[PDB]
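Chain letters run A, B, ... following the sequence lines, proteins first and then strands; every chain starts at 1.
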Amino acid sequence: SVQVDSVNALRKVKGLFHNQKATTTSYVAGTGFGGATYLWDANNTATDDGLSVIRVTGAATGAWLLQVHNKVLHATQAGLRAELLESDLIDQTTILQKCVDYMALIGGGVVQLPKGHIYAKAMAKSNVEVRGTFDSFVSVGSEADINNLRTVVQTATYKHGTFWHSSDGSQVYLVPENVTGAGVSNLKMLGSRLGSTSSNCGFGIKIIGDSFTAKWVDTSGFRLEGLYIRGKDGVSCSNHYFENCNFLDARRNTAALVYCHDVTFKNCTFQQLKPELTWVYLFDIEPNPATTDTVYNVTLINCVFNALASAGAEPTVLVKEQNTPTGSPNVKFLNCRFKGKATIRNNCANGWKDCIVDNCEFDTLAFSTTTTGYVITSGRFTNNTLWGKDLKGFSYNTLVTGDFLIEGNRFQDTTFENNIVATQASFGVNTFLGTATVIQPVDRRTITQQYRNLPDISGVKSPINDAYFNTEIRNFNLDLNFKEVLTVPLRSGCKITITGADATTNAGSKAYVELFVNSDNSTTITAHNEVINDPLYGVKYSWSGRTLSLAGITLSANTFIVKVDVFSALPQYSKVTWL
Amino acid sequence: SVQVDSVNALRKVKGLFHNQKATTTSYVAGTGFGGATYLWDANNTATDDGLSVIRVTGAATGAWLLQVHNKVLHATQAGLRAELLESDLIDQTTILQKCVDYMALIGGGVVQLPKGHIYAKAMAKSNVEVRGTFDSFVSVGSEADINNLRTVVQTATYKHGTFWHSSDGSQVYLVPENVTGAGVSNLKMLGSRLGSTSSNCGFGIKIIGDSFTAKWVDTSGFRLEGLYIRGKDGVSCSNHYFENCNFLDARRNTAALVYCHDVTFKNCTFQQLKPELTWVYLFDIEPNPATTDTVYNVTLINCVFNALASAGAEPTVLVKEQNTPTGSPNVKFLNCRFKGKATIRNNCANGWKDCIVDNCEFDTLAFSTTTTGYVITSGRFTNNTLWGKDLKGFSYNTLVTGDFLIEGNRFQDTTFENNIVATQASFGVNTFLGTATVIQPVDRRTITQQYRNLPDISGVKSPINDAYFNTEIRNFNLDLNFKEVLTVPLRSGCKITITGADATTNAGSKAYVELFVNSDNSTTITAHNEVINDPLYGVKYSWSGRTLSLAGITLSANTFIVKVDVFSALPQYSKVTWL
Amino acid sequence: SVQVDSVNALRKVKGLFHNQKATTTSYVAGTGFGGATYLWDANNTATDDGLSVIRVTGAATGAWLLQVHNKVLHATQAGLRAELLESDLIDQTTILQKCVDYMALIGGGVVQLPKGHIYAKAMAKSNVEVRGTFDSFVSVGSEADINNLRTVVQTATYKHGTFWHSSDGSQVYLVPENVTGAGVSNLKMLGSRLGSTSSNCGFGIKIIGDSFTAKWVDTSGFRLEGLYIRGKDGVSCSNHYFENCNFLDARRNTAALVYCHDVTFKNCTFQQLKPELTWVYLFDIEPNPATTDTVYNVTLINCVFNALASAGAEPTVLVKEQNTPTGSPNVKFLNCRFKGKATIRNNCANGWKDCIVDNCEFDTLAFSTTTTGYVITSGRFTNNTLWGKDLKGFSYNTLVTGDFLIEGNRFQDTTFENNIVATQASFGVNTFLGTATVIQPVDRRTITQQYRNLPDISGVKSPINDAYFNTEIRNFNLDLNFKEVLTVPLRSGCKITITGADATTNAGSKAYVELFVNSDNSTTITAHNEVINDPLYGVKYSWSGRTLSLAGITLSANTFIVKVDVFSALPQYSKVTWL
Ligand SMILES: [Zn+2]
Ligand SMILES: [Zn+2]
Ligand SMILES: [Zn+2]
Ligand SMILES: [Zn+2]
Ligand SMILES: [Zn+2]
Ligand SMILES: [Zn+2]
Ligand SMILES: [Zn+2]
Ligand SMILES: [Zn+2]
Ligand SMILES: [Zn+2]
Ligand SMILES: [Zn+2]
Ligand SMILES: [Zn+2]
Ligand SMILES: [Zn+2]
Ligand SMILES: [Zn+2]
Ligand SMILES: [Zn+2]
Ligand SMILES: [Zn+2]
Ligand SMILES: [Zn+2]
Ligand SMILES: [Zn+2]
Ligand SMILES: [Zn+2]
Ligand SMILES: [Zn+2]
Ligand SMILES: [Zn+2]
Ligand SMILES: [Zn+2]
Ligand SMILES: [Zn+2]
Ligand SMILES: [Zn+2]
Ligand SMILES: [Zn+2]
Ligand SMILES: [Zn+2]
Ligand SMILES: [Zn+2]
Ligand SMILES: [Zn+2]
Ligand SMILES: [Zn+2]
Ligand SMILES: [Zn+2]
Ligand SMILES: [Zn+2]
Ligand SMILES: [Zn+2]
Ligand SMILES: [Zn+2]
Ligand SMILES: [Zn+2]
Ligand SMILES: [Zn+2]
Ligand SMILES: [Zn+2]
Ligand SMILES: [Zn+2]
Ligand SMILES: [Zn+2]
Ligand SMILES: [Zn+2]
Ligand SMILES: [Zn+2]
Ligand SMILES: [Zn+2]
């Protein structure tokens with residue numbers, strides 16, 4: 001068994017036999033980082049890559065071949081310098097890319113990064129995850145105090161040990177199209193980068209590929225976004241999952257979804273807490289105009305959106321539906337907290353269909369619609385609390401329809417004064433606290449609109465179903481000829497009311513005439529009561545059996561309303577026949 | 001430390017001291033795979049198993065004991081042959097089963113398979129995962145082109161390196177009852193098998209046990225199903241999870257659920273795209289008739305169902321409720337895509353309760369009910385798109401009730417002509433495009449049916465709740481003697497309308513009589529208005545205080561309807577007492 | 001390369017060169033457990049800790065430094081004693097805490113426990129998981145019998161090999177505040193503890209920190225709870241996940257949530273099946289009264305709650321909302337099974353808002369409210385089955401509102417007799433089986449209450465929308481001076497009914513007066529019909545154009561009801577102006 005102190009020492013030692021074992025103490029002698037296990041290949045003439053092939057310098061052929069165990073490659077085993085400070089401005093892009101590429105060659109797995117600042121941009125490859133190292137965690141306080149005191153005793157919190165920068169202004173971690181199952185975890189990404197002291201790196205994570213996963217990742221200081229997801233036509237950009245991530249200050253948005261679907265954030269935060277670093281929005285779902293960009297099926301569970309006021313900044317969480325397959329962005333805010341200035345912005349030009357906000361908290365306005373005229377077409381705003389710590393309104397410049405349901409919410413000091421949403425939305429039970437404007441429950445949903453219009457038939461019946469009263473009403477344009485208008489049923493008593501409703505000035509119809517009928521199974525008696533019947537502008541009526549005919553007297557007096565009340569013992573005899 | 005080239009060489013070497021380390025270069029000399037680490041046990045008398053115990057041949061005592069690291073056993077470390085072609089018809093079942101059995105013996109973990117074609121059927125054991133090896137991934141294109149071009153530049157996609165076949169026609173991976181927490185990942189399973197060139201292996205994964213997990217697995221070419229789940233009575237078959245799996249062509253169904261509950265598919269596909277290989281259905285939830293089989297609580301999230309036409313094949317995704325505890329299969333299609341000929345089939349003999357289809361896309365009919373008479377009893381068909389690329393209809397041979405809600409959907413050219421579903425379902429707002437049959441919103445739900453019937457009491461009230469109009473109506477069978485019929489309340493004005501509604505021919509009742517009452521807190525005045533009152537067939541009335549009595553004149557004229565209109569300032573005085 | 005038999009021997013040997021490799025056969029000589037790899041540091045002056053630093057005794061400098069691979073430290077490599085019996089009363093707390101503390105120092109990972117009983121309490125540290133070792137699994141039965149027989153053939157089930165006890169009566173696993181990302185898996189926790197044979201350990205897992213995860217963990221025999229979650233003010237106690245866990249018998253509750261949010265249980269069970277070991281509740285969500293404790297956002301998916309009767313035990317699953325941010329505890333029971341005596345208890349003093357029980361099974365009462373007067377304010381009780389195996393009732397001592405929806409359930413022999421819930425809740429379609437009390441569907445929801453009250457306007461219209469009948473009603477207190485009361489619209493016929501509804505004795509108003517109006521676009525005709533109009537106690541009316549004025553005749557006769565019927569052709573002319 002061969003044991004040397006560095007890769008340079010390995011290059012001076014030849015293997016005795018095929019696949020002899022060699023073990024390096026470190027990559028660079030005396031650092032304690034980068035040690036690995038190698039197998040001797042006497043015939044190898046591949047190019048020395050400082051990673052998988054270690055060519056012996058004192059021989060014409062021969063190499064020590066890296067053995068990766070447990071599908072984890074430590075980047076230090078390719079020569080990456082560990083535990084560097086941010087002031088060590090060393091481009092290690094080529095080394096890190098070698099690690100990702102080589103793991104992707106041998107079936108995927110994990111590229112482990114050490115602690116330290118690393119300036120090295122990487123192109124993700126399928127089924128490879130880049131993983132950092134948490135800094136040391138040392139708890140504070142005794143078990144007794146932790147158990148007995150309600151105050152905080154264990155004050156130590158975890159800290160990232162890996163700080164991943166880019167070598168230029170583009171991105172740190174690019175996930176190309178058709179790259180699937182890649183990931184990143186357990187590190188912090190920083191916007192400061194090689195090549196410029198004033199202009200930071202554009203993106204932390206830029207996702208074009210599919211099924212990306214990130215856990216315990218923070219992003220801070222990026223020139224555009226910490227996270228940016230935009231696929232391409234014809235290739236999947238979907239099934240992305242983020243948990244325990246903190247997308248912090250960025251000069252445009254903390255994060256942006258531009259072209260993707262089926263994305264989930266769980267226990268992640270989005271925070272613009274550096275007001276001196278001016279920015280644009282907080283969290284932005286914004287497909288680019290006049291492109292095939294589309295975003296839909298996004299779920300944010302137990303996330304925090306938090307913003308402090310900043311010069312020129314709009315503290316909004318934007319949802320922009322564009323060219324989605326169903327017409328809904330299917331974006332759900334569940335168990336989320338909007339803190340500081342954070343608020344939801346409807347950016348849907350063709351209306352926001354099925355907007356979902358449930359069990360969320362709002363420090364200020366729940367909705368702030370910048371574009372006048374945008375509408376939330378439908379949705380459910382349930383079990384939320386508007387704390388009213390800042391602004392006291394429900395929304396700014398927002399429009400909804402009756403298919404937007406507001407139910408189960410806690411309104412602390414929430415005012416709906418002069419807010420048209422209060423006359424548009426459906427309200428169920430809600431709780432009004434402090435000085436909140438109490439809105440009585442009111443149904444404005446489309447599914448129930450037939451119960452709110454005047455119906456086309458009206459009446460009442462006996463609980464025994466042997467007595468019925470039904471009333472219908474028709475508009476009649478009468479001329480001077482008698483016209484059959486209706487036939488009353490048998491076994492019924494009917495009252496017909498005829499009155500004018502004419503739009504003519506002076507010469508319109510004037511009449512209020514009651515006609516009465518009672519019939520058994522074959523025989524009919526009628527009677528009349530002319531309360532008002534102008535001899536020039538009134539109405540003429542005539543019975544032929546059970547068929548009523550009407551006529552006007554003067555053509556200008558032509559518009560009459562005819563209402564029928566039918567009393568019967570069975571529904572079959574409850575309605576007239578209109579002719 | 002000893003280092004030999006194979007296990008056979010290890011059998012010829014004794015350890016110098018207790019627990020001396022030995023390293024095999026390969027399992028079989030010169031193959032380059034399966035090498036492992038062993039520890040010397042001078043006292044060991046166990047049987048050589050070619051895996052964990054390597055006995056020195058020719059001695060009563062002495063063995064080299066395998067050292068498994070990180071709960072991962074490479075199957076090659078039991079002699080399994082790697083890198084084989086599909087034409088290498090080599091049964092390795094015994095070797096693979098030894099690895100699974102041994103890992104289950106020492107606490108579970110992973111059995112790692114190499115790249116290549118492997119003919120070896122395995123019985124899963126608890127807490128053991130079988131994992132293959134991805135083939136090498138090498139991306140295409142420069143970072144600049146990937147970032148700058150909207151066209152696809154990175155064209156390389158991941159490929160499986162492990163192709164797992166069976167050694168006979170049964171199944172590749174059997175998960176017995178009471179085997180819990182097993183899994184499979186990162187491989188492709190193929191239906192071609194040893195012993196027959198014409199009859200393929202029945203199943204890829206056959207699951208009888210509990211809490212199974214599969215990720216990044218494809219199934220293709222199986223004689224029955226790529227995936228088949230059927231538990232047994234008294235043992236759990238539940239909590240199964242599948243992600244990033246592709247269940248491809250099979251001669252019966254791509255996958256089938258027969259007896260199990262709480263199963264989730266996320267970002268999986270079900271595809272019958274080999275029409276020349278005839279098949280039965282696309283995806284089948286089908287408990288066997290006349291058994292205890294039952295399937296319920298199934299969620300398909302962001303899945304693709306895709307089928308091309310094939311002779312005798314039905315391109316359906318079938319849901320069959322049978323013996324479920326709640327009467328609902330609780331099957332949800334969320335964010336799914338039905339492509340080609342794919343369509344949902346209701347196969348519930350006792351009705352499909354709470355059918356859920358949300359944010360799904362349909363290339364053709366959404367529903368195709370093969371069995372005439374089957375009903376979708378209730379559910380929500382929300383936020384879906386019917387593209388109408390193939391057939392333009394909503395459904396075939398399908399029946400629903402008013403508790404099936406159709407809302408928020410996008411209907412491109414969808415025709416409901418002659419489709420009874422349009423007269424059965426509840427419709428909310430929907431979007432109708434092209435030549436789609438515009439269905440007005442209409443509520444047919446059971447919960448609201450009381451708003452669509454005629455009420456037993458009717459009227460109107462003031463917004464101040466100090467003025468009421470209430471009307472009730474009754475049928476009376478009168479004889480020649482007076483009978484008490486009602487008592488009007490105090491503090492009210494009342495109008496009683498009495499009219500005939502008799503089924504007798506010629507000799508029935510004829511009357512239209514209006515009675516009026518006004519009372520303060522104690523005093524009552526009455527008045528009458530006989531509009532129609534036949535001297536033989538009319539009605540007689542008499543007041544005793546506030547109690548009205550009625551009588552007929554001739555027995556054949558006996559059926560009268562009595563309607564009361566009550567005007568009052570308080571609800572307590574708003575209704576008569578019917579006697 | 002040095003290889004010695006124990007750590008003790010390592011302390012007696014100095015390394016020859018920098019970073020020489022040393023390998024111990026065991027930690028303690030001859031045990032077969034705890035061997036590890038060390039690197040020589042000649043300069044080291046750190047303190048010997050029996051784990052990471054092994055100082056050579058008798059020298060001022062020099063130490064062997066532990067090499068941890070793969071982020072897994074085996075506790076045996078710190079001297080932990082493996083495979084001990086429960087009767088081996090050996091405290092290993094100091095060793096286990098060292099392992100957790102050291103892994104948290106070098107970036108987190110896993111502390112692997114061996115098989116056996118271990119008495120050792122541990123304080124969790126961030127991003128560190130404690131993992132046990134399953135006992136051996138050996139399946140039973142042939143593949144043929146497993147595949148061909150519908151009866152259970154594979155009878156072997158997984159067994160824990162690690163049994164984790166406490167060293168005293170407090171807790172086994174404490175997760176302090178600000179400790180994040182810790183976990184436990186693959187072991188069993190037992191309440192028996194060192195120092196007392198009669199008083200067991202209080203808690204198995206006590207969680208104060210954030211983002212805890214447990215999988216395949218059982219807890220049994222604890223004096224208080226197997227699982228207990230209570231955070232502190234100002235620090236997150238959230239995002240906790242449990243899967244495949246069994247919280248068994250405990251002397252108070254199997255598990256309790258006291259101060260936490262966003263907790264998920266999937267495929268877990270909660271079972272009090274040892275009635276001889278008396279207990280308090282089954283599963284308890286209970287913030288302490290008069291504290292800042294609060295619990296919300298809890299999901300239980302496919303869990304089992306199972307209780308046998310025990311003297312003094314209440315077999316309840318309690319939900320207590322207290323000071324939650326939205327007023328709803330947001331607790332969901334999905335796909336769950338309540339077995340034996342298990343039943344849900346509403347323990348919300350302020351009402352249980354948005355109670356969710358869906359696709360659950362109940363062996364007995366679904367709800368048992370111990371505190372008389374507690375209400376379920378709203379919720380959805382959908383797709384559940386009440387088997388009626390024990391008690392036949394739906395609930396005990398429970399109160400709901402109409403915003404509690406009961407729909408899609410299967411009521412087997414469920415009796416609602418004398419249960420006020422049947423008169424309070426909203427009922428949709430439900431299935432009534434056996435001797436069950438059939439409850440008709442009835443809507444009692446607040447959102448639709450405007451369809452059940454008398455409306456403030458009533459009438460009927462034509463399907464062509466060119467004929468309308470609208471009626472309104474008002475209360476008038478008239479004096480002796482004429483008072484303008486209304487103005488009838490143009491282009492309409494109106495019938496005004498005026499009648500008394502006076503509460504005065506003897507001297508109240510008496511009138512039934514009908515007034516009629518017809519107008520075209522400018523001209524108006526009126527008529528009157530005084531059916532009742534007392535000369536002393538009646539009403540006076542006067543028209544000025546379309547404005548009606550009313551006056552009384554005697555001050556004591558002052559209360560009049562005025563009903564207006566408007567007939568029109570246009571909505572603009574369908575209503576009077578009330579003055
Ligand atoms: Zn390996
Ligand atoms: Zn490293
Ligand atoms: Zn730093
Ligand atoms: Zn540090
Ligand atoms: Zn910096
Ligand atoms: Zn997609
Ligand atoms: Zn699409
Ligand atoms: Zn929805
Ligand atoms: Zn509701
Ligand atoms: Zn409704
Ligand atoms: Zn005409
Ligand atoms: Zn006349
Ligand atoms: Zn006219
Ligand atoms: Zn090879
Ligand atoms: Zn290990
Ligand atoms: Zn192949
Ligand atoms: Zn291998
Ligand atoms: Zn290949
Ligand atoms: Zn089950
Ligand atoms: Zn799971
Ligand atoms: Zn996933
Ligand atoms: Zn059951
Ligand atoms: Zn449902
Ligand atoms: Zn709706
Ligand atoms: Zn009689
Ligand atoms: Zn008769
Ligand atoms: Zn008279
Ligand atoms: Zn490592
Ligand atoms: Zn161990
Ligand atoms: Zn034991
Ligand atoms: Zn054992
Ligand atoms: Zn929190
Ligand atoms: Zn989680
Ligand atoms: Zn808050
Ligand atoms: Zn809800
Ligand atoms: Zn419903
Ligand atoms: Zn019975
Ligand atoms: Zn006055
Ligand atoms: Zn008069
Ligand atoms: Zn009075």
Scored by heavy-atom pairs under 4.5 Å with chain C, the best of B:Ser170, B:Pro489, B:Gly459 is B:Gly459
Between C:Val110 and C:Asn70, is any pair of side-chain heavy atoms under 4.5 Å apart? no
Under 4.5 Å from a heavy atom of chain B, the part of C:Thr23 involved: neither
Less than 4.5 Å to any heavy atom of chain B: does that hold for the side chain of C:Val442, its backbone, both, or neither? both
Side chain, backbone, both or neither of C:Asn244 within contact of chain B (heavy atoms, under 4.5 Å): side chain
Quick one: what part of B:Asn529 sits under 4.5 Å from any heavy atom of chain C, side chain, backbone, both or neither? neither
Contact part of C:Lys266 toward chain B, heavy-atom cut-off under 4.5 Å: side chain, backbone, both or neither? side chain
Classify the ring geometry of C:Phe134 against C:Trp216: parallel below 30°, tilted from 30° to 60°, perpendicular beyond 60°. perpendicular
Are the side chain of B:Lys232 and the backbone of B:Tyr259 linked by a donor-acceptor contact shorter than 3.5 Å? no
Does any heavy atom of chain B fall under 4.5 Å from the side chain of C:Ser1, the backbone, both, or neither of them? neither
Give, as side chain, backbone, both or neither, the part of C:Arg474 having an atom under 4.5 angstrom from any heavy atom of chain B. both
Residue part contacting chain C, namely of B:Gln450, when any heavy atom lies under 4.5 Å: side chain
Interchain contact, B:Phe17 with chain C, by part (heavy-atom threshold 4.5 Å): side chain
Contact origin within B:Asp293 toward chain C - heavy atom pairs under 4.5 Å: side chain
Give, as side chain, backbone, both or neither, the part of B:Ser211 having an atom under 4.5 angstrom from any heavy atom of chain C. side chain
Proximal component of B:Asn19, with respect to chain C [non-hydrogen, under 4.5 Å]: both
Engaged part of B:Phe516 at the chain C interface, taking heavy atoms whose separation is under 4.5 Å: both
Please look at B:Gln171 and chain C and tell me whether the side chain, the backbone, both or neither of the residue comes under 4.5 angstrom of a heavy atom of that chain. side chain
Go through the atoms of B:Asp210 and report whether side chain, backbone, both or neither lie under 4.5 Å from a heavy atom of chain C. side chain
